[PDB]
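A quick write-up on the structure given underneath.
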Amino acid sequence: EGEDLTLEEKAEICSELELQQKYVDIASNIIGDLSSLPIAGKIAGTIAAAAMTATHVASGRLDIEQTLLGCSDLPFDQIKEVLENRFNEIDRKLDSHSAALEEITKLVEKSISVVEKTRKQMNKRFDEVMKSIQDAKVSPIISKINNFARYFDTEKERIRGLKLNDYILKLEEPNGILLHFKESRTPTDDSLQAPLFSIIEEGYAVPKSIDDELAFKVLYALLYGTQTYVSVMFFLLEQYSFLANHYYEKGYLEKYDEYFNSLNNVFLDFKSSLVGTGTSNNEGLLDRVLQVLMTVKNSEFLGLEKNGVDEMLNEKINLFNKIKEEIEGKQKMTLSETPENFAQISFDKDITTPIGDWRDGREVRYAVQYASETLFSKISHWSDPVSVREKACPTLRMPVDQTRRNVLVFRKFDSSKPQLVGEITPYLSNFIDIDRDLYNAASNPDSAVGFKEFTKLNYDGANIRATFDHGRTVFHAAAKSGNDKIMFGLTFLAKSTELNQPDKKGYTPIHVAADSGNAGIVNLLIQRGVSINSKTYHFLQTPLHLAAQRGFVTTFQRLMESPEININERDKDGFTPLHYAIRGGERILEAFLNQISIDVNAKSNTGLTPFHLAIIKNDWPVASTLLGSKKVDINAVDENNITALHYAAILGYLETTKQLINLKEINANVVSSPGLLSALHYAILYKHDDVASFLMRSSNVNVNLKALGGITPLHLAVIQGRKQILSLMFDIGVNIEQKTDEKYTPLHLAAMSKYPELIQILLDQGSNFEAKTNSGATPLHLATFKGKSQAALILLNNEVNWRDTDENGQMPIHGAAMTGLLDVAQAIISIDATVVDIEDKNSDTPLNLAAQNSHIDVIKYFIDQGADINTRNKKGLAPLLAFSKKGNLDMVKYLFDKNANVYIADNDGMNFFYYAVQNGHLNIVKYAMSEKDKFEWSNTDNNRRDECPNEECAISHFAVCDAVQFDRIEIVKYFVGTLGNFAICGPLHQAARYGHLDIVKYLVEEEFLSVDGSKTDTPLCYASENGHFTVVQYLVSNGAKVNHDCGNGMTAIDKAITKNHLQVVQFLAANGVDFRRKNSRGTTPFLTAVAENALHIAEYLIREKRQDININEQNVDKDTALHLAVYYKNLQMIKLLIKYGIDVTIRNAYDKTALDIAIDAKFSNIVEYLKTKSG
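In the authors' numbering, the protein residues as written are 21 to 1195.
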């Protein structure tokens, strides 16, 4: 068979928990295909998205082998947790919106992507590097580096999936991960910077020895440490930027300032650590490792000559240069400039101060900042406290900005949270703080006080068109607070453009009014006639969506007097307000169903209906309300034909399944699109025994439904080890002998399942244990093929026959050879000893079959019995011969001590020496020295007599040229050094024919073998036959004989002509080989090319060399190049010779001119061309 196979390895691969996460990983790849997971997870919880992913993966054809090996089963909570992590990551990377984080994230991702990918690729290589270090002097350095890397990536994995609040709490904690990352240490006193500097200081990475393997490992560890240090730098940078912008958007100025300072400090320190402050003292480590790599690259004797070493060091140099250029490109991260605060403050407006935050006994502080849209600015230090007595609104005099930038102003009262109060232009001085007070007045929970404050501030010239909180205006503030009088006054004497102005997130005043459930102002807004079908910029919701989500009934009732309202407005994922009303509850579902124009059976992009979401949510009252509505399609399906009852079955909800079954119009026989799977199939597939048992006892449920591949619920129960399901189905009376399309019996699946204990229960019921598989196999016959030895013993004790025939001639005795189940063989031979040497259709024996699978523990057992040692197959494989290819030197000595035949030849003709030579195993040829007594070096083989050119020939000398055949340097050098009889096969000449540059490179210098050779054949003569470019160029330089021609007048230049080697002719013409020297036959090589009728040669050969070779040469035939083109019917070259100016007036002895050749031989087409040219 094939030595490389993963079918046996698929047992642990499928059952591997890491590959179970790969099943999660492909499930994690589903969120890329379908984007409806998040919003749906907002409606019915995270229980919906994982269910959709599971149904999508399980909707297709069920594979027998994959389901059998066990990784068709996966706990649902494991998928749910990964969806939690992904949703949390997406939400974290979405709430923080700012151009500053946009630029910082773009920079960090384009900086890290490649180094992160290569570090992930080389993680396992470094892991195997860890165990390869044995020296005590260097071991601590690699230990520290590995410990730091493990801490770093474990911490990243732990921190990646947490929620935003948990993210903030974990990042903001005493002795946290960031604190350990700043100075690059760990709680278990592990650091890498000091070892990284120490290893460079002494330089153990230099390859002092010819190999110096430990030096290469140390250099690899140094590279790993450098990449990890860059990665932790960028992780710290991005985390600090995220924290800073989060706390700036929240409104905490002090914490944003401290994170700003920390980010600047860490950036400066890491930059000084990598590139150095002018690299005067080589503080930076990037240039140090760069110079170390340059030195080791320039070193030649120290190098190991390996081709991959050059490529990997080139990649490292390129990557380090790119990252160094990226780091040195920027000289600052944030804007550290500080503005100038107010120069004078007064209280000019006559406003008594029981208003707003202005109270007697309070103090006020002010601060200024540069308004930057691309970088992070810094807030000025807070000014001196100003007491508040009898005056509320102050006036600030601002000096003209030097840089002429707009300045943001912040105000703080006592220890309260700072608030942004406005913006000041470079050319305006008198700034009045009265605009934000109106905004706060409109947000007052009290109505009378808020209205009075609003009127008082508006009477003194307060701007009502100022945005304060991400685009929110006074209209939004009145909408959120619900002030009826303020909203009425704002709507009156106003313009429609203010009432429909969205904020930075797309929320309009009607959106805010509906979100907060303020129906009294929604009525006024509708009466004024504002736009209602507006949508949020990102998530695309209307006020109806928000009202349904929050469950406000009066808001909806006041929203339904709008003539323009549209109930069936959709969203980004196509969900309707009725879909959102499931979270609202019965009080809002009844309000929706009361409306005439409700579309109860609306479908989303995936095809989900409100009934589907209600069933998935496991909330029965909403489903009962929907059933109370008379327009519900119970059997509605989705894009994959998944019914709500299928969802209930696959999520294992017993109560909802019972309630759905009791429905009169329910249909339990609906199936999927590509799988034809019913809900019962899903129940047994996910091993929810209670719901499956309830379904199988239902009258309207068919347990005999059939799907793709001939799959019935009985087969699933048998293969997945559901004992209670099997017992219940036995009680019901399900047919036992049901067969699939490929007709696997249930007993076969029981014998192939991971729970063998089932099969005996089947034996209780009675099954055709002698039934043949579609491939002519019995349960005992095919059991050993998979390799479950433990399940085979219990079947053998039932007195099952040990003699059988199939199309392949295999039996359990044969099947044990491939897997090496010695425990099965511990009883087979004991019962019957007449099986050790037998034959089948393909002429194989267990000795042969076990040999090619390399089972040492089983192969040695058969020699004790006395099996045939020289058995053969149609391919000629033998137990001794197959092991030569593998090269397992450990046990080959066990076979030679059983006085076997000296060699065995296949149909092609070979012995165990050659496959060692063919595959280049140096161990085997060394061992042959100890059997010079057993094996004769001068033995001659007659099987391959025809191959050797003359008489009969020895086996030994072909091994030299066969080593040359696959350019095995190790084998050929042993023959030259240790044997003086290596020149009989002529390695130099054969290597040139087969074009092995390495062999001819090695043999020339130290051996000083003659280039010409001791025979008429020369390496150049044979090299030109096969047209190999590399061999010719090296053999030219040292000097060689090229002018003299080989036998039968077949020279080197003509050899490339016949085979049409364009590249070979290019170089051979540079040497200026004499083309005038005629061959043995008498035809010049220039004329010989036309004899072969080479059309392509005239393009290049003629133009370059013309002075040495005249165009009027003749052969013994005495016909020019035009005559040959006449005979071969090729007009392309006929028109080329005349253009080049050849002579055609010379006549041979045939006394027939060129025109007469085309006339006497009846070539009418070419007569015209020659006549016109001739005068």
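Note that the Cβ used here is the ideal one computed from N, Cα and C, for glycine as well.
Nearest to residue i (by Cα), restricted to the options the options
| i | options | result |
| --- | --- | --- |
| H266 | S92, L458, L191 | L191 |
| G381 | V388, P405, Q389 | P405 |
| residue 20 | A264, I552, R492, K515 | With the chain covering 21 to 1195 only, the question about residue 20 has no answer from this structure. |
| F367 | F451, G349, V996 | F451 |
| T732 | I686, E21, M749, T487 | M749 |
| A1060 | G1195, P1039, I506 | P1039 |
| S551 | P529, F559, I179 | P529 |
| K344 | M332, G376, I375, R308 | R308 |
| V469 | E685, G929, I375, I779 | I375 |
| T1103 | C981, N1091, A1141, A1181 | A1141 |
| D917 | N828, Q561, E951, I670 | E951 |
| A797 | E193, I814, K763, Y1170 | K763 |
| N1168 | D1137, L513, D455 | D1137 |
| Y947 | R170, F789, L909, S692 | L909 |
| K792 | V856, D591, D824 | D824 |
Residues bridged to residue i [DSSP beta-bridge criterion]
| i | result |
| --- | --- |
| residue 12 | One cannot answer for residue 12 here, as it falls past the ends of the chain, which runs 21 to 1195. |
| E129 | According to DSSP, which records beta bridges pairwise, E129 is partnered with nothing at all. |
| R742 | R742 is not bridged to any residue. |
| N301 | Note: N301 sits in no beta bridge, so no partner. |
| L416 | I365, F451 |
| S211 | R205 |
| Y390 | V427 |
| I444 | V427 |
Anticipated Cβ contact below 8 Å, residue i with residue j, distance rounded
| i | j | result |
| --- | --- | --- |
| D1037 | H1016 | Actually they do not touch by this definition, with Cβ atoms about 17 Å apart. |
| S400 | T445 | No, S400 and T445 are not in contact; Cβ-Cβ is about 18 Å, not under 8 Å. |
| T804 | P832 | 5 Å |
| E29 | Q872 | Contact flag wrong, Cβ pair sits at about 16 Å. |
| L428 | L440 | 6 Å |
| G1069 | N1099 | 4 Å |
| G1033 | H1009 | 6 Å |
| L867 | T891 | 6 Å |
Any non-hydrogen atom of the ligand SAH closer than 6 Å to residue i Cβ
| i | result |
| --- | --- |
| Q780 | Inclusion of the ligand SAH in the displayed structure is not the case, the ligand content being empty and no account of it being possible. |
Cβ neighbours of residue i in the same chain (closer than 7 Å, five flanking residues each side left out)
| i | result |
| --- | --- |
| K500 | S463, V532, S536 |
| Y1148 | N1113 |
| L189 | none |
| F932 | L900, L901, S904, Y923 |
| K164 | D210, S211, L212, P215 |
| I989 | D1018, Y1022 |
| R112 | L184, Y187 |
| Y667 | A71, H632, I635, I636 |
| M772 | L88, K806 |
| residue 8 | Residue 8 is absent from the model: the chain starts at 21 and stops at 1195. |
Cβ neighbours of residue i in the same chain (closer than 6 Å, five flanking residues each side left out)
| i | result |
| --- | --- |
| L782 | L767, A770 |
| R1126 | none |
| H977 | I1004, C1005 |
| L322 | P227 |
| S118 | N265 |
Own chain partners of residue i with C-beta closer than 8 Å, once the 5 adjacent residues on each side are dropped
| i | result |
| --- | --- |
| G304 | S292, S293, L294, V295, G296 |
Cβ pair count under 8 Å reaching 3, the stretch 228–244 against the stretch 182–198: no
Should the stretch 106–120 be called in touch with the stretch 717–730, which here means at least 3 C-beta pairs below 8 Å? no
For the stretch 237–255 against the stretch 268–279, do three or more pairs of beta-carbon atoms, one drawn from each stretch, fall closer than 8 Å, so that the two count as touching? no
Pair every Cβ in the stretch 335–342 with every Cβ in the stretch 303–316, then say whether three or more of these pairs are closer than 8 Å. yes
Do the stretch 947–966 and the stretch 1001–1012 touch if we need at least three Cβ pairs shorter than 8 Å? no
Can at least three beta-carbon pairs, one atom from the stretch 698–718 and one from the stretch 118–137, be found at a separation below 8 Å? no
Counting pairs of beta carbons, one from the stretch 407–424 and one from the stretch 292–301, are three or more of them closer than 8 Å? no
Would the stretch 33–41 count as touching the stretch 84–102 if we require 3 or more Cβ pairs under 8 Å? yes
Within the chosen definition, does the stretch 248–263 reach the stretch 144–162 through at least 3 CB pairs nearer than 8 Å? no
At a cut of 8 Å, does the stretch 632–648 reach the stretch 36–54 through at least three beta carbon pairs? no
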